[PDB]
Amino acid sequence: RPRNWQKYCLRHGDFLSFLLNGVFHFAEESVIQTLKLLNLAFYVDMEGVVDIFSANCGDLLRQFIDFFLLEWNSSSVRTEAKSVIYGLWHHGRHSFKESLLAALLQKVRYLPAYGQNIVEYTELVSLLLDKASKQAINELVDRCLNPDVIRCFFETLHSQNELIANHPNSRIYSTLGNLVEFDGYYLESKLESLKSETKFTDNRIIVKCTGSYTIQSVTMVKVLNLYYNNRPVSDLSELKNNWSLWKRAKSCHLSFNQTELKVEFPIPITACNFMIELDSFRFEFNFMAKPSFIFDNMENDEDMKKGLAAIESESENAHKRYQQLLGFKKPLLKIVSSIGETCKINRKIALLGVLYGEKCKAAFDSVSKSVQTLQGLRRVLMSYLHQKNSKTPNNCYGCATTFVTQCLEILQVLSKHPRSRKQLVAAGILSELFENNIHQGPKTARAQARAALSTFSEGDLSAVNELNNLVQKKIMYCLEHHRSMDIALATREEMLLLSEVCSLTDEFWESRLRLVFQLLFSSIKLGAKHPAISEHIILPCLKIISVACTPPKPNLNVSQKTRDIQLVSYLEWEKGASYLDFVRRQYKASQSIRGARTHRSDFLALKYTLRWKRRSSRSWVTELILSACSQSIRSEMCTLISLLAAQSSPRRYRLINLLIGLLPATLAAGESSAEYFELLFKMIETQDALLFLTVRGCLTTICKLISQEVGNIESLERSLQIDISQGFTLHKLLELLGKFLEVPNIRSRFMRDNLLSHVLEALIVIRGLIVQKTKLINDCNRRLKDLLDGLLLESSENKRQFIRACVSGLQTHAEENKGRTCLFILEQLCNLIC
Amino acid sequence: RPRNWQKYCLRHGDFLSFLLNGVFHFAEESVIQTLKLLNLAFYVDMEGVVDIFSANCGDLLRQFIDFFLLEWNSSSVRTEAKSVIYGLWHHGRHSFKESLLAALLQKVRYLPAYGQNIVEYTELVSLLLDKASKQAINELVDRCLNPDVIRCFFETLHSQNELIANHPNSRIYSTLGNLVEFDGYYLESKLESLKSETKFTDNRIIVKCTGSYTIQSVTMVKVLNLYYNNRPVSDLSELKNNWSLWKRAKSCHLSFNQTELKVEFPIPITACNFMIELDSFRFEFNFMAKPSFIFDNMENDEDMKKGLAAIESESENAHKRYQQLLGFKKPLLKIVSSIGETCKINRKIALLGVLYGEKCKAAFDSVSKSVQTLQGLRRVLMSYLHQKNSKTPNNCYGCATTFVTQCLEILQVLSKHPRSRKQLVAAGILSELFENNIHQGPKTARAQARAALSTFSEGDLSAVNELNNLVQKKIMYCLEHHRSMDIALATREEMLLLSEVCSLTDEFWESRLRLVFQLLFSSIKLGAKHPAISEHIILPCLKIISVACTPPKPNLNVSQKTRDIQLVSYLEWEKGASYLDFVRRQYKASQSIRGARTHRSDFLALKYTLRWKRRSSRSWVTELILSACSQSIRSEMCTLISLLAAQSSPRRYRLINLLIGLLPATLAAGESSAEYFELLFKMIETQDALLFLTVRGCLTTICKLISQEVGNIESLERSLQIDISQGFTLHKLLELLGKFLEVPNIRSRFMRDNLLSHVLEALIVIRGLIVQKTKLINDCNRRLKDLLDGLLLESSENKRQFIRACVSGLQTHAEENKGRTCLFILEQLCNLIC
Amino acid sequence: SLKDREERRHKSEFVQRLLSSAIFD
Amino acid sequence: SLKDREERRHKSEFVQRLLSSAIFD
Amino acid sequence: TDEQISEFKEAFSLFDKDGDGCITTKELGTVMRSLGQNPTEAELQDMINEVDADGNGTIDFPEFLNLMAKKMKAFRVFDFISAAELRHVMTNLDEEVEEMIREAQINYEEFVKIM
Amino acid sequence: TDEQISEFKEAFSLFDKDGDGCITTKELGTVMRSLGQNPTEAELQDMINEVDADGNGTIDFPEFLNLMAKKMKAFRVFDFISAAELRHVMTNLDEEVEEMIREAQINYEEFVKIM
């Protein structure tokens, strides 16, 4: 019942002050009970009860914070202290809210020294500083926060990032991470397993452990008594005969023939030596515990003498283990430097794996074990010394990495605050993030850093300018020297960053679009035929542009007419023309057309002024639409062409003309022209389009292209090279010709123009082929004879004209003494006549 | 006897023309005998005999060249043809020398199509064009060579390098090479093992092989007869009963119980089916042979029908094998792209090894086997067709690589020719080499390319300018973005290139020295504390500068006096001052000093004009001499400092002053100051140097530095951190103090200045240390007490002054109620008194 | 909102005109 | 040759003076 | 020209599916575009209501010559055209202006050569 | 100054190994350098032959004051010094000259302040 406890605290506020005074000296379990009681006290208004912590001018509150949210090495106690502080913040007076959060932010300078324990503190700080009757609370938050706190945040972040970057082992860690099972940074500068000595008697078992162990329970005769002591001892003889040195932990009563007994200790017992007695009437004793360096508080000077001897021995052991760690570090450094120079594996990484994961791990663990033993003995030593006479920053790679990772989410939180945002960008947070954080750290850290950078860049000018400047410079360099390094690895993170920043719908989409266009054109200019550039730079640029061009799926005459007017060209736009200029021009044109003397004159003036601006400002489609390197780029521009043509009929017709102009280039592309031909077939699906091309003389173009291709194949007949895909382009040309012939008037024009000579000659040549006779070639020959009989069946005038063509062919080929061709045409004439 | 054969050829020149006419149609063995006879003919002057090859206006000679030095697929025949051509060149008339070498260079455009067979031709060409009575021969060489040949050389080199660079698999090959056992480019677009069918009879064994095989000998009964035929057959039944189809190769006679018989064929027999008969009276038949695609010349149309059927079947087989090769290519491409993302090995390279070395090799070998079978059948098919009716460039990565590698040595040869050198640099050969060849290819290719570039840059201006421009730009970029990529891999080749080009003793060493200085200062400015930059850029720059500064091991007053005059400063030199200016200034100074009114005025004028030039033109030692990252850099600058001080005494004294000024900085360096302290000890080895420092008050500086260090260690006493190397800097300070005290007058000044208080206080503090008590600390304490008794033993006045110091210390420490310090000084006083 | 949808219409049309100009200029 | 050796002497001395100037300037 | 009317008849016959000498009012835009012209849809509708007075939906060959005849068949608004005059015709709707005039004072002939 | 002669005596006594008040002619360069001066070896030999007239190889304290006394103890060759005058004194042995004069016409006082 929280409420009754709350009234009891209200009427007995002196009790909670006593608990708060004592909790600094309680042991961990009573600490937990005390903090639980405090949390339930602040579950009713506790306005008057909060002022207990402000005693001694807030010294008690600061001691609570320091001892609890930072110093104590237990996640649960830190989380519970965070909850207690949150309850204090919720139930506190306004002045107490300021005082408590001031106690909180005063530990910023000491935060880096505490390792991973700062997580709960920082989550509490983020929850408290978050802006949510609450106007006054935000006023307290604003009053308490001062620029000094943000300055220290930035300074410690910069210092830790500098430590990580300037670390001698940064390159070793980066190389080893991608090769071996990387799970640490070791280059930074049962009863049987616990026992070391054991003695037995008629009914007692005296055990000396390898060290101090804090045992919470023991699981394994009528009465069973357990004894323990944590006095370091050289041998079990001195403890065998001195019973006064044994402390009775628990007494357990066993039933008859009880094979299992679980003995749990309400308070864990720390003991280096334990003694188990079967008081009254194969044993396996298994203990759940941790290694402990909290040794018994020594009481005399002999104990400090033994402690100093232990200091010397463990220091020598640690020196030996550090020496072996270095001696194994040297070959590890040797093998790492040889990476990049040439069991189905590279044996170098095998040696690296053995060295790093097995022996270096063991050596580092032994060094660390000696280290922790040394802190234990030294801590108890100075404890006794202080009783008698009455956190420094580290270079740990992992600790710095985890602090940086958490500070990225901190910056992501602080970025929504405007004042802090301006202060941080002025301090140079964007350049720091771009240079170090987006390239280094785990994936979660990289995502948090990119999100924080995006939030910082939102709503602020010249931040986008500097960001695009760095991105453009580095990517453009990678473009210029692409043949000498990994374009994919160098520009993956920055390409992703440009992708995410473009998705932002602030007012500065225009600059990002400008950068995308410049990158795309530069990549086309320098590395259009290069595979990596096309796959990793050109393709993302095309994807971003396509996403920009796609309309998200949910007066007409005026809108159509304004579409006929070209408002902004690319040349004008690259030089500084804005979308605001575009909308202004469109609005003026729409008004002039709606009024369409004055509005007519304005319309004409706008038309010519924009035309003359274009003239004053005064191939990549071919390069990328038939790029033999990648099908993805061809498909992407096919989609772009379809999207453009789907909006305007005249633009569609210009696109058809451009595509038809590219038909001769498909001869060299071969199999690469599949996407272009499919796009063409989709585009000319209308009979009007076919007739439009027929008027333009495209049928004759198809005929001469077929003649050129069959001549090219005939020239390859003398060559022994056999290409399986031979005749694919000729196959598609024949398919397009057959599509054209499906219309009656087109077939009439075909017959009238006497173009039947070309198809007969092609039939002769491909039937005469032997070496270049592939499956596609045979299919093409089939389709030729199909067209031939299809034409012949229609009418007698076509038969007469085909006879005339055969007669002329017989003349020209007999003057060339071509026996087989004459035989073929004679056979054709015989087949038609009979 | 070469001479008699030569006279026989001279008197029967018509015989050699017959041999030359016939050799185009002879089989390979008689070809070898004919070319051997020709070589022996040109072993006496053969001036009149050479003109045989010039028949038919050199058509016969060109046919010889084409068929022999390029087309024939045998290394031995090509080498022998090269020797024959060299003999023709040696014994030929001048006009014939021009004609024969013109026949040679006419094949430049066809060279790339012949693969590795061009090696012998190119060695012959290099030997012939090499400049060695020989003036006329060089005249013929100059007349025959034309700029067109060099232009084609450059064009084909550029085309092949573009093919290699733009190859879709270039990145895959580069990545796979450093990970897997890379021995090929497969991504480019006994009796039992030979037998396929076997039949037996009472005394005959009829064997059908899996294919055509050219057998030179057969090693395995009274008479043994061997028969063979190369007619392709479906089954052995058609050959079992038709004896007329078997050709008798050899008949062998065996002794009684002969277990081994080696049958060698003077002319190799090509056979798809062989028949072994035991004519008269466990057998293992083992044959040495190669797979052959020279099938029997078919004689009828049924054979061409079977050949066409074989074409179709083998084409289908090749299509299936190419499909399986592609299907295995896809996962290989998948795994390669995942390289860089995290059995003791990375399993990704295990999969890559299996895929690439075992299955891809097998698939590519099967594809190639089908391919060669197809060329065999197609070649015999068109052979029969031509009998009845009467080399294209490839994208092979290996072939292009080997051609490029050989062309680098070609350019290295051509670079010694001045005209070709100017033409090639004008064409842009240096930029091509620097961009592609120095970064790609095998080690031998890289060395040859670097040597060719060095020879091209020798003796030509602005070539060094452009080379230093590229090197500076790329290395400077790598410096700016060092935290984001591999500095070691990016700049290794260019650092090596700068190292080799600097070793050249042409006139342009000054520019290279300028570049080295700029790179060193930029690297110090940006990445002095970075490990990779210091190890890979700073260190090579220091090494190059040290090599420049070292004098190669084999009026004096004037030379010494001119050394006192600073002629050129670094600030003036970086702005454009030249070594010619240095030598001119030195000569003028030497003349003025030798004449030393006019020469005195010139001397004074030179002094002040250079001083004022320096004024008008108007830390790294500290950074690198104590750089904790690398001992190599510290040692290198110690060597440089020694080299500089070894030449001039006043400069030596300035260096001593600078080094002593750096003494306080050694407190933070700790173990890093070993090299600096050793250099100091070497430098002050003279007693004059010690007294010089004593005059400068360096003894008091040592005393206060010792006090500061002991105070710093005392402050670390409250901290539990234990550093093993503690007191090393204090150890070296004590050692330097002891070195100073060895001089009697210095010790007298020490005692007079009452500095004994500092050493006693330090003794007290370090004897009071507990936590920071390491081995170095104990050794330092020992040396302190040693200095104490050493001072005390000398004289009674020192004892009195030490008593005074102890009295003052007792006063100040008793006012501070420091019981242990008072106890220590009381013990010291008791020890001296008694 | 309808105004936002119309603004996206204008933006898509503007970038489409940019592409057509870059292709046909 | 003696002239070449003397020239190397002058070159080494010149670069030594360059280093001393770069250090002490 | 005679070749012009010949090619116009050649194009007209292809759209003449049933051989009556008339094409549908829908196909006028397609046939007119096939001959090199690019009239806007508003111009297409202007043609359709001017020629199709009777509303039969067909256009014969003699009329088909008429629509394009007027179809293949400005200086005074900016007026010589000086820099300042171009500046007012600009503002109504300096270095760049200088570049404009330099590439193009601009009389009628240069103005024509630059359209 | 009195402090100067005091420190000179302090330095002199350290080189006075045997306490006779005289130092060897070898050590004069070292003692003189220890006091802040940097005389060249030619100047050292000039001292040695001027003071060591008797050739005993020793120099007493009163003489030791004399050598440095003259040791701690030009405008007219370039002559106000204009740009042109500096150009002739240059050629005997333009933008850069302008930079020279600007950082330094140059009278005696600026000339002193810039040496």
# chains A, B, ... in the order shown; residues from 1 in each chain; ligands from 1
call {"tool": "select_by_dssp", "arguments": {"residues": "chain E", "states": "alpha helix (DSSP H)", "output": "MDAnalysis selection string"}}
result
chainID E and resid 2:15 28:34 41:51 61:72 75:78 83:91 95:103 108:114
call {"tool": "residues_around", "arguments": {"residues": "residue 38 (chain E)", "least_positions_apart": "6", "cutoff": "10 Å", "atoms": "only C-alpha atoms", "output": "JSON, numbers by chain"}}
result
{"A": [650, 651, 653, 654], "E": [29, 30, 32, 44, 71]}
call {"tool": "write_last_selection", "arguments": {"atoms": "N, CA and C atoms", "output": "compact mmCIF listing (two decimals), in the first residue's frame"}}
result
# COMPACT_ATOMS: atom_id res chain seq x y z
N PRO A 650 3.71 15.34 -76.80
CA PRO A 650 4.82 15.80 -77.66
C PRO A 650 6.18 15.39 -77.15
N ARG A 651 6.41 15.45 -75.83
CA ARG A 651 7.66 14.96 -75.28
C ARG A 651 7.81 13.46 -75.53
N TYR A 653 6.71 11.92 -78.18
CA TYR A 653 7.12 11.77 -79.58
C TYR A 653 8.59 12.12 -79.77
N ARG A 654 9.06 13.17 -79.09
CA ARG A 654 10.49 13.48 -79.15
C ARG A 654 11.32 12.32 -78.60
N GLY E 29 -3.67 15.38 -85.30
CA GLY E 29 -2.46 15.65 -84.55
C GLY E 29 -1.35 14.68 -84.90
N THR E 30 -1.68 13.39 -85.03
CA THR E 30 -0.66 12.40 -85.36
C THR E 30 -0.09 12.63 -86.76
N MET E 32 -0.07 15.37 -88.51
CA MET E 32 0.63 16.65 -88.57
C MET E 32 1.97 16.57 -87.86
N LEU E 44 -4.41 22.05 -81.71
CA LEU E 44 -5.15 20.97 -82.34
C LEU E 44 -6.65 21.21 -82.22
N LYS E 71 0.04 26.57 -90.63
CA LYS E 71 0.81 26.12 -89.48
C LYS E 71 2.30 26.43 -89.62
call {"tool": "atom_distance", "arguments": {"atom1": "CA of residue 599 (chain B)", "atom2": "CA of residue 7 (chain D)"}}
result
25.3 Å
call {"tool": "closest_atom_pairs", "arguments": {"of": "chain A", "to": "chain E", "cutoff": "6 Å", "atoms": "only C-alpha atoms", "output": "CSV"}}
result
residue,atom,partner,partner_atom,distance
A:692,CA,E:34,CA,4.9
A:695,CA,E:34,CA,6.0
A:745,CA,E:14,CA,5.7
call {"tool": "write_last_selection", "arguments": {"atoms": "N, CA and C atoms", "output": "mmCIF file, in the first residue's frame"}}
result
data_model
loop_
_atom_site.group_PDB
_atom_site.id
_atom_site.type_symbol
_atom_site.label_atom_id
_atom_site.label_comp_id
_atom_site.auth_asym_id
_atom_site.auth_seq_id
_atom_site.Cartn_x
_atom_site.Cartn_y
_atom_site.Cartn_z
ATOM 1 N N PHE A 692 3.567 6.955 -87.504
ATOM 2 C CA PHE A 692 4.432 8.118 -87.341
ATOM 3 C C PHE A 692 5.864 7.795 -87.745
ATOM 4 N N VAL A 695 6.090 7.353 -91.608
ATOM 5 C CA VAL A 695 6.191 8.615 -92.339
ATOM 6 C C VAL A 695 7.626 9.128 -92.320
ATOM 7 N N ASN A 745 -1.597 -0.665 -94.639
ATOM 8 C CA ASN A 745 -1.057 0.435 -95.433
ATOM 9 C C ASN A 745 0.463 0.477 -95.354
#
call {"tool": "residues_around", "arguments": {"residues": "residue 16 (chain C)", "least_positions_apart": "4", "cutoff": "9 Å", "atoms": "only C-alpha atoms", "output": "list in words"}}
result
residues 548, 549, 550, 643 and 644 of chain A; 11, 12, 20 and 21 of chain C
call {"tool": "calpha_fit_and_write", "arguments": {"fixed": "chain C", "moving": "chain D", "output": "PDB file with C-alpha atoms, in the first residue's frame"}}
result
ATOM      1  CA  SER D   1      -3.192  18.489 -46.876  1.00  0.00           C
ATOM      2  CA  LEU D   2      -4.434  19.440 -50.332  1.00  0.00           C
ATOM      3  CA  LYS D   3      -1.939  22.315 -50.439  1.00  0.00           C
ATOM      4  CA  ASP D   4       0.895  19.939 -49.538  1.00  0.00           C
ATOM      5  CA  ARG D   5      -0.193  17.442 -52.205  1.00  0.00           C
ATOM      6  CA  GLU D   6      -0.339  20.213 -54.812  1.00  0.00           C
ATOM      7  CA  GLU D   7       3.120  21.390 -53.733  1.00  0.00           C
ATOM      8  CA  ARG D   8       4.450  17.861 -54.232  1.00  0.00           C
ATOM      9  CA  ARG D   9       2.790  17.878 -57.659  1.00  0.00           C
ATOM     10  CA  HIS D  10       4.640  21.080 -58.564  1.00  0.00           C
ATOM     11  CA  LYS D  11       7.938  19.778 -57.161  1.00  0.00           C
ATOM     12  CA  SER D  12       7.703  16.505 -59.091  1.00  0.00           C
ATOM     13  CA  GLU D  13       6.774  18.372 -62.273  1.00  0.00           C
ATOM     14  CA  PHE D  14       9.675  20.798 -61.788  1.00  0.00           C
ATOM     15  CA  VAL D  15      12.226  18.011 -61.346  1.00  0.00           C
ATOM     16  CA  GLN D  16      10.682  16.178 -64.313  1.00  0.00           C
ATOM     17  CA  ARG D  17      11.181  19.299 -66.429  1.00  0.00           C
ATOM     18  CA  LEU D  18      14.750  19.448 -65.121  1.00  0.00           C
ATOM     19  CA  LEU D  19      15.368  15.888 -66.320  1.00  0.00           C
ATOM     20  CA  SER D  20      13.775  16.517 -69.717  1.00  0.00           C
ATOM     21  CA  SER D  21      15.882  19.654 -70.162  1.00  0.00           C
ATOM     22  CA  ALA D  22      19.050  17.824 -69.107  1.00  0.00           C
ATOM     23  CA  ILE D  23      18.263  15.144 -71.689  1.00  0.00           C
ATOM     24  CA  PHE D  24      17.122  17.313 -74.613  1.00  0.00           C
ATOM     25  CA  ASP D  25      19.156  20.520 -74.197  1.00  0.00           C
TER      26      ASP D  25
END
call {"tool": "closest_atom_pairs", "arguments": {"of": "chain A", "to": "chain B", "cutoff": "9 Å", "atoms": "only C-alpha atoms", "output": "JSON lines"}}
result
{"residue": "A:165", "atom": "CA", "partner": "B:483", "partner_atom": "CA", "distance": 6.9}
{"residue": "A:166", "atom": "CA", "partner": "B:530", "partner_atom": "CA", "distance": 5.2}
{"residue": "A:167", "atom": "CA", "partner": "B:530", "partner_atom": "CA", "distance": 7.4}
{"residue": "A:168", "atom": "CA", "partner": "B:531", "partner_atom": "CA", "distance": 5.4}
{"residue": "A:169", "atom": "CA", "partner": "B:531", "partner_atom": "CA", "distance": 8.5}
{"residue": "A:171", "atom": "CA", "partner": "B:532", "partner_atom": "CA", "distance": 8.0}
{"residue": "A:177", "atom": "CA", "partner": "B:342", "partner_atom": "CA", "distance": 6.5}
{"residue": "A:178", "atom": "CA", "partner": "B:342", "partner_atom": "CA", "distance": 4.8}
{"residue": "A:179", "atom": "CA", "partner": "B:346", "partner_atom": "CA", "distance": 6.4}
{"residue": "A:180", "atom": "CA", "partner": "B:346", "partner_atom": "CA", "distance": 6.3}
{"residue": "A:181", "atom": "CA", "partner": "B:342", "partner_atom": "CA", "distance": 7.1}
{"residue": "A:182", "atom": "CA", "partner": "B:342", "partner_atom": "CA", "distance": 7.9}
{"residue": "A:315", "atom": "CA", "partner": "B:724", "partner_atom": "CA", "distance": 8.9}
{"residue": "A:319", "atom": "CA", "partner": "B:724", "partner_atom": "CA", "distance": 8.1}
{"residue": "A:339", "atom": "CA", "partner": "B:178", "partner_atom": "CA", "distance": 7.9}
{"residue": "A:340", "atom": "CA", "partner": "B:178", "partner_atom": "CA", "distance": 5.2}
{"residue": "A:341", "atom": "CA", "partner": "B:178", "partner_atom": "CA", "distance": 5.5}
{"residue": "A:342", "atom": "CA", "partner": "B:178", "partner_atom": "CA", "distance": 4.7}
{"residue": "A:343", "atom": "CA", "partner": "B:350", "partner_atom": "CA", "distance": 7.8}
{"residue": "A:344", "atom": "CA", "partner": "B:350", "partner_atom": "CA", "distance": 5.2}
{"residue": "A:345", "atom": "CA", "partner": "B:350", "partner_atom": "CA", "distance": 5.1}
{"residue": "A:346", "atom": "CA", "partner": "B:180", "partner_atom": "CA", "distance": 6.2}
{"residue": "A:347", "atom": "CA", "partner": "B:345", "partner_atom": "CA", "distance": 8.1}
{"residue": "A:349", "atom": "CA", "partner": "B:345", "partner_atom": "CA", "distance": 6.2}
{"residue": "A:350", "atom": "CA", "partner": "B:345", "partner_atom": "CA", "distance": 5.1}
{"residue": "A:351", "atom": "CA", "partner": "B:344", "partner_atom": "CA", "distance": 8.0}
{"residue": "A:352", "atom": "CA", "partner": "B:344", "partner_atom": "CA", "distance": 8.5}
{"residue": "A:353", "atom": "CA", "partner": "B:344", "partner_atom": "CA", "distance": 5.5}
{"residue": "A:354", "atom": "CA", "partner": "B:344", "partner_atom": "CA", "distance": 6.4}
{"residue": "A:357", "atom": "CA", "partner": "B:344", "partner_atom": "CA", "distance": 8.8}
{"residue": "A:375", "atom": "CA", "partner": "B:720", "partner_atom": "CA", "distance": 7.6}
{"residue": "A:378", "atom": "CA", "partner": "B:720", "partner_atom": "CA", "distance": 7.1}
{"residue": "A:379", "atom": "CA", "partner": "B:720", "partner_atom": "CA", "distance": 8.0}
{"residue": "A:382", "atom": "CA", "partner": "B:720", "partner_atom": "CA", "distance": 8.9}
{"residue": "A:391", "atom": "CA", "partner": "B:719", "partner_atom": "CA", "distance": 8.9}
{"residue": "A:392", "atom": "CA", "partner": "B:721", "partner_atom": "CA", "distance": 9.0}
{"residue": "A:435", "atom": "CA", "partner": "B:484", "partner_atom": "CA", "distance": 8.0}
{"residue": "A:436", "atom": "CA", "partner": "B:483", "partner_atom": "CA", "distance": 7.7}
{"residue": "A:439", "atom": "CA", "partner": "B:484", "partner_atom": "CA", "distance": 7.0}
{"residue": "A:440", "atom": "CA", "partner": "B:484", "partner_atom": "CA", "distance": 8.7}
{"residue": "A:481", "atom": "CA", "partner": "B:435", "partner_atom": "CA", "distance": 8.6}
{"residue": "A:483", "atom": "CA", "partner": "B:165", "partner_atom": "CA", "distance": 6.9}
{"residue": "A:484", "atom": "CA", "partner": "B:439", "partner_atom": "CA", "distance": 7.1}
{"residue": "A:485", "atom": "CA", "partner": "B:490", "partner_atom": "CA", "distance": 7.7}
{"residue": "A:486", "atom": "CA", "partner": "B:171", "partner_atom": "CA", "distance": 8.2}
{"residue": "A:489", "atom": "CA", "partner": "B:340", "partner_atom": "CA", "distance": 8.9}
{"residue": "A:490", "atom": "CA", "partner": "B:485", "partner_atom": "CA", "distance": 7.8}
{"residue": "A:527", "atom": "CA", "partner": "B:166", "partner_atom": "CA", "distance": 8.8}
{"residue": "A:529", "atom": "CA", "partner": "B:166", "partner_atom": "CA", "distance": 6.7}
{"residue": "A:530", "atom": "CA", "partner": "B:166", "partner_atom": "CA", "distance": 5.3}
{"residue": "A:531", "atom": "CA", "partner": "B:168", "partner_atom": "CA", "distance": 5.6}
{"residue": "A:532", "atom": "CA", "partner": "B:168", "partner_atom": "CA", "distance": 8.0}
{"residue": "A:629", "atom": "CA", "partner": "B:168", "partner_atom": "CA", "distance": 7.2}
{"residue": "A:719", "atom": "CA", "partner": "B:391", "partner_atom": "CA", "distance": 8.8}
{"residue": "A:720", "atom": "CA", "partner": "B:378", "partner_atom": "CA", "distance": 7.3}
{"residue": "A:721", "atom": "CA", "partner": "B:392", "partner_atom": "CA", "distance": 8.8}
{"residue": "A:724", "atom": "CA", "partner": "B:319", "partner_atom": "CA", "distance": 8.2}
{"residue": "A:771", "atom": "CA", "partner": "B:378", "partner_atom": "CA", "distance": 8.6}
